[PDB]
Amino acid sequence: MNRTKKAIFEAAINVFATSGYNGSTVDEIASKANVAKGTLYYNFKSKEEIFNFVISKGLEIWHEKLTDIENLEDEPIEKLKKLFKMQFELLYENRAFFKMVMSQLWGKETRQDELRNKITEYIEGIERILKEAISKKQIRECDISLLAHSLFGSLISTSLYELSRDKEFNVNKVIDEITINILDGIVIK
């Protein structure tokens, strides 16, 4: 990304995360990016084009880091432990971006169908690790797609927990707790 696209990218994340999609404007993104509006429009025709570019660029590191985990020779159960650590670290390093995503996952605009298709592509990588884990009898036989969405969904509920105003968020403690909760369950054993 050159300076113009990087500046728009970083500013757009914060505008979208602060105001939501409908409340964000090209006008505000140009101002926050310190990019002349004519140069912005030379690169992006509309707010929707900026949004989709940000989603596509921002999810690149998610696919990259998940693909790296998939490529390891580690046992699948060890890949799942590394998945939880990777996702929460990535979430913590990119909180504005993830809120932007979360704010747009629930409606019926074509933009949001497309966003969900991009998230589904990511979740399919989780499904692939689970399938291998089940075949190696390291994870219980279960509805894989349902489980994979639950593993992604841990990011969503934790993002809400991170917004708590009465405590301070500790990413390493959350990784450790969620890993045990997911793998071992909560029942006394």
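The first residue of the shown sequence is 1; numbering continues from there.
Trainee: Name the higher of the two by mean Cα B-factor in the PDB entry, 51 to 59 versus 66 to 74.
Mentor: The recorded data point to 66 to 74.
Trainee: Please compare 107 to 115 with 80 to 88 and name the stretch with the higher mean C-alpha B-factor in the deposited structure.
Mentor: Comparing averages over the C-alpha atoms only gives 107 to 115.
Trainee: Of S135, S150, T39, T158, which one's C-alpha B factor is largest in the deposited record?
Mentor: Of the candidates given, the C-alpha B-factor peaks at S135.
Trainee: Split into thirds by Cα B-factor across the chain's modelled residues, where does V171 land: lowest, middle or highest?
Mentor: Highest third - that is where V171 ends up once the chain's C-alpha B-factors are sorted.
Trainee: Where does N14 sit by CA temperature factor within its chain: lowest, middle or highest third?
Mentor: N14: CA B-factor falls in the middle third of its chain.
Trainee: Report the third (lowest, middle or highest) to which the CA temperature factor of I8 belongs, ranking only the modelled residues of the same chain.
Mentor: As the PDB entry reports it, the C-alpha B-factor of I8 lands in the lowest third of its chain.
Trainee: Which third of the chain holds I139 when residues are ordered by C-alpha B factor: lowest, middle or highest?
Mentor: It falls in the top third of the chain.
Trainee: Quick check for you: using the entry's CA B-factors within this chain, is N22 in the lowest, middle or highest third?
Mentor: Highest third of the chain for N22's C-alpha B-factor.
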